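We've got the same protein chain twice here, in two forms, each standing alone as structure tokens: structure 1 and structure 2.
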Structure 1
């Protein structure tokens, strides 16, 4: 390691001078840089004795001594330089090099310091075989109330590993300590240690170190609880951001009978963001509304991501930890209590899971990091250094889904969420992202990748191996791949937002509903008028409504009612986005796309008429579930050419039950002759072959059966 930081003495000593030599590698910020550079530095986890960013005192100046080479001497001693107390262990220096303007810089790097004065003398790392075998070796193992075994995987894509790992925590006041050095198992490629005499909430992180990488603080990627700096007030002062791991060595949640999702093959799914679902923005808030969701008639709740995400105000598509759920919504047991209450109310729970990308906080990112480019190292075995799909870069931390380490981690995580939280299915976020192919657009990305199809099958098969009746849904939008994968039994998001927005607004152009019903495999496509990612139908009305649909609330709800009568009446699974049932009309853009949205439960009263239409239509799918069987005959007229004389829907079951829907989406009344037979206005007995006047924006729903 001549590239980057060089140390003389080669083992830095707390109470001696240290000369630091920076060599700029080729194709880095400072390669061929003509002027002197400056040191931004401090000791320990919290950068003790750091200057104000940009302080250009001669003291901080790295003199250019050769081409691409700068040196600084911390004179007197490294302790005197940082003004650290003689009895305070000086164990790490954190180092950033920057230009005089503090614009161009290197990123978080630390080296080890030997402090013999304070009894921290370096000991050779020890080789020991893992005292355990089987699957799921890595992570946290409670032996007893006073004892934990930690197992941290360490092998980069080149086959190398770190020189040593310490475990710091509340048991050792967050110091590096020889007694707390982990042992390396070369065969399993794991660091391990058994902590004993713990005295109950154990807090810890790891300090990993090599000569080529320097030092890095990171938590356990398999921790079930975490404190995050900048969110948790009780984040320990001696720990480094972002994460400490929490292990209680605990009052285990007592689950209430066996649960099975209602209408398993064609469920109505309510998409829910806990942050914006209630004013409390949490599980406690959501719990209060389960009787509302039960009566609405839904089969499942789909929670937008609940795994630990950056900060505490997010959609959650920014996961830092996959085995720890975000404490901003509630405790592990509040999550269990919520899912258990859902089940008691006959409602299944689906987790939105985000395996395309993680963030800089993830132990997998922190473990093999590029301190020059501020992204994963080319030697990272889970993550790409650079996103291969350059159209969609949601973070610097894109998962390599051809990695055997990434694949095993995903499958273990899926199994964990099923076993621990008793959930009934998954919605895979951005599965189009599960690709190593170098692309820069939508077309080259959308083009079939056999390895993406292959890994998505692996993840599906893994879920079904844990829970045979678990629902798997993917947000994919790779047309040819969806045809192939739907045959395996994977469910796909079927986005009908554009059509039902056009219809809601009273525009016939691009209003064709037909995409909602896949003729080949209707049950494999989860159709929606709204998702968290789309603008609201009821907002489009205010903004670009045709005539009265702009400003007449009565006519707007009639039109949304008719949309709903050409949605819930259709075979195959369906999804609604929270508050669509009460005509939620705040633009997705209000307070920014992903910003906190107004909570408007008063809409359940003001728009009661629409809530009642949603309720009866969804409930009909349970009361007469045999109608909605994929075996049933389904025909409809919902094209550009089906407008002026209205749109029609006929559903005909094997047992002879029939549903007929007529909708006038136009701004004028249309004359319609009811089909021949004996019918019933199921939502309120009617003779067929009878001419009716159907008012502007209204629907008529007829069943050949009473209740």
Structure 2
């Protein structure tokens, strides 16, 4: 008789008969050993028709405690009568939460099936049928014709089980559960499948209703959809559909015409990457707005644009590290073809495109989450074959839905997604967010998490090789911050984020403490470390000047732009890839905390004019890496004096190519003029270039730098 959670007498609920619901609290569950009665919060259909006001303690909602940990309620006369549902309304699901009288403790959204014989909704045994397709990529949406789609949904839990039945519901059947739209299970491929025929018009909209005795029922969309509507964002979200997502398929849509040619990233070994958030890059916050600035970024001299995450994220106002769907791009920035047009336009301006991708975690809206959910703890169940119930790395819990990168299903999904983004959107590489998170080890801090995990190392190689198999020259960058695993993986050709924000903020402010630049240059493999003074995750160097700058650096914009141009002179002149965060080149100086860390920031394109002196220095330093590439080859000899102890008298670097070409830079980061003797040789002021005698004493004013080449 009674199992954990909800029990029904009758075992198959009947819309036009009474129902006894018995709730049994498992050991370790929040209502285990609870002394008082519980209350029912319930309604019918996708949208909980008949739900009371939360906390409504009328006696007809009371589950009387009958035994220890067992509460029962009877929906008397009939389920239909209890919810005042019209006879003709198909009553096909009931949604159940139990709570304390106060409404402080509860269970979470759960649904069971209701048989409604009087409206033609009769129980049938689900069919076992082999999947009629072989091939790779069996799961997902297959368009066979203008009027027909095959749907394949993976279902095997980590204990070897599967659901009792799955319905497809959509615009083709007015969002009803219908025995005609029950999918068939293939026990060998572990997949539900159905062929929808006689679809009419352009857009098919659907979601699945999955159901088991142990888990109850859930609505979810297809994980592989390329288009989705999101309740609370899309005004056209169907009234029949449950939040959050409906999959959208166009059988014969407008194909995008790509311009002709290969396209390959320029300076592919050591690119300058421009990190860009579409939400905040222009006032329209979208691809259309950003497309208008490509001429600006082209002139700047950048090799690549890195977009912050564009995969479908929760809502329409986000950095995007909250992915709900991985094969649909967020419609808040543009359509599929607007993304393709953007990427095509970048390629025609000679600019590569990198996508920021977030595989550590998804969110509660993801079909992989919804499919195997714990309605007691409101997190993935211990049976979920893609996700952990509980994040193993407890120092970093960015959502309730942490991916298990030891799951063969998760690895296959990630590998398939990488290939999809390469093939469909023609991008030039990837920045993998938080690759430190790709670990099953139980940890609670930074040092236990950063310790070598051989399975994390091996899975990151696996994802690297999967990208390389699709596109041999694709750039693969990982935001890792595990020093020892970076040494190992840099050997394979993986690039790593190298955060020099603290040092370059200290130098921008005129403070010598913790200002050492030396971590920008990795002696073992200079080209594998993507150095940056700023990223979306960091405070702006120019903001720190205003708030805490040494002396005049708080108030004098001229002296601030000079100090930042001197930082740039100790950054774009260093071998290996470089990254700048949008508007760093114009001294963007709004705190990361203005409007909250992740909130929309002011759009300040007038800075391009007011701080043109800084934009022009960025432009010339970036362009030097093209004009004199051979200088920035990893083979060049690179030395510099940029420690805590290199300050009172200035800082220096020298880059010497094998062909004899030399670059030398001096900077005075102090608040007073310094005397400096140029090194021996014949030098030119390349940024502005008449000759200069070596071993010649010069007075370098506060905040300024001198750049010399031994050529012109």
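We call the rigid core the largest set of C-alpha positions that still match within 1.5 Å between the two forms. Positions refer to the first chain, counted from 1.
Lining up the core between the two structures shows that one residue from 56, 46, 667, 678 moves its Cα 2 Å or more, and that residue is 678. With both forms fitted on their core, the C-alpha atom of residue 649 sits 1.3 Å from where it sits in the other form; this compares the forms between the two structures. For residue 513, the CA shift between the two structures after superposing the rigid core equals 0.6 Å.
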